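Only one chain is included here, represented as structure tokens and corresponding to the form deposited in one PDB entry.
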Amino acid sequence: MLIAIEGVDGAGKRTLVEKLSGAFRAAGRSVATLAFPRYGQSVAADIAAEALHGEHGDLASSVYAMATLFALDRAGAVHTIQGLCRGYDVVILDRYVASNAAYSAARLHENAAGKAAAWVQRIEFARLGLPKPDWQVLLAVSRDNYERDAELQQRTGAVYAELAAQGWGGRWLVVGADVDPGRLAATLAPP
């Protein structure tokens, strides 16, 4: 089972990944985790992150350029994701493809029905063959240049809610910060 944890920067996804992995292990499942972007592990991920801190000229000013770099990072991880899915009962991704749709749409002042989210679906799932997640979990809540942009994060949160409501990329579950990890594990993979 492939589970993606999604939400805006500062939502607390890493903590939820840690707590959810512990709940799955308490239920007897083997778990692997993988975080995107793969900073330190791929050139595309490193350049993209650096661009959001102001490096690399005009790169960050292009929404589709940034989205393309994050997609190329994920493309280099296809074999890794497939390997983890064959070897372990549950694979939890800290951020996945929906992050690219949410931030790209929000930067362009688009909604989940706009061109950017559809472009991400086409390039990442259809063209690059990224494994489709069984669950996308939105951690809904009330430093690089995205994180400093309060309006951007607010718009991204709204796009995320729309993506979940429209079933973008697969089945979604929406949870809050107070979600109980044990019950969530039971919902995602009933005993």
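When you see a residue number, it is the position in the sequence shown, counting from 1. We call the rigid core the largest set of C-alpha positions that still match within 1.5 Å between the two forms.
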Is it true that residue 124 has no coordinates in a third or more of the other entries in the comparison?
-> no
Say whether residue 153, which has coordinates in the shown structure, is without coordinates in a third or more of the other compared entries.
-> no
How many residues that are in the deposited sequence but not in the model lie between residue 142 and residue 143: none, 1 to 3, 4 to 9, or 10 or more?
-> 10 or more
Per the PDB entry, mean CA B-factor is higher for 145-153 or 50-58, namely for 145-153
Of 125-133 and 62-70, the one with larger mean CA B-factor = 125-133
Sorting the chain's CA B-factors, does residue 185 end up in the lowest, middle or highest third?
-> highest
Among the modelled residues of its chain, the C-alpha B-factor of residue 167 falls in the third labelled lowest
Residue 27 - Cα temperature factor, lowest/middle/highest third of chain | highest
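A second form of this protein, the form deposited in another entry, is not displayed here; the remarks below concern that form.
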If you fit the two forms on their rigid core, which residue out of 176, 10, 167, 22 shows a CA shift of at least 2 Å between the shown form and the other one?
-> 10
Superpose the two forms on their rigid core, then report whether the C-alpha of residue 54 is displaced by 2 angstroms or more between the shown form and the other one.
-> yes
Answer yes if the CA of residue 148 moves 2 Å or more between the shown form and the other one after aligning the rigid core, and no otherwise.
-> yes
Outcome for the Cα pair residue 11, residue 157 in that other deposited form, compared with this form (closer or farther; change of 3 Å or more) | farther
Would one find the Cα atoms of residue 148 and residue 39 closer or farther in that other deposited form than in this form, where their distance changes by 3 Å or more?
-> farther
